[PDB]
């Protein structure tokens, strides 16, 4: 009952998600900017990621559950691109705008004006990223992942491509991530 218990604090995916970086331990969060629980997880997870070892990284993917949602995935892509060095501020700003302010960032006309006005993070650079072909292809991939892996709830966190965190609350889930990361690290080394 202590530590990792399959079916209790984690489960194993039927089909693993390929990691972006080989030989590292990926922590993958599926989320949506419209999602209140995702906005609450955000500060916990982003803080915890500061503790990550050099062989771990946090990857995020926005779900696409309807055609209108692709714009939000393109925003997520743009933040990843242009705001890599201050993603936390950007996500903070976007969750507030969507969840608290009720701004329709899923509408490109609304989103582009809003982005141009942000400076707590580099809104103009994120706007440029949004307008780039990279972001359209990052967003298409998010839809593909959503459908292929049947991600039907957010937030969802998967470690090492295969271990889904079953959260009791956000804080305890961070401990689960650490345990799963060690499990992965030593699985991947034992197989090499």
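Residue numbers count along the first chain shown, from 1.
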| item | value |
| --- | --- |
| Stretch with the higher entry mean CA B-factor, where the candidates are 79-87 and 118-126 | 79-87 |
| 51-59 or 162-170, whichever carries the higher mean Cα B-factor | 51-59 |
| Out of 144, 131, 26, 152, highest CA B-factor residue | 131 |
| Peak C-alpha temperature factor (PDB record), options 46, 136, 66, 156 | 136 |
| Position of residue 184 among the chain's modelled residues by C-alpha B-factor, lowest, middle or highest third | highest |
| Cα B factor band for residue 102 (lowest, middle or highest third within the chain) | highest |
| Residue 112 - which third its CA temperature factor falls in, relative to the rest of the chain | middle |
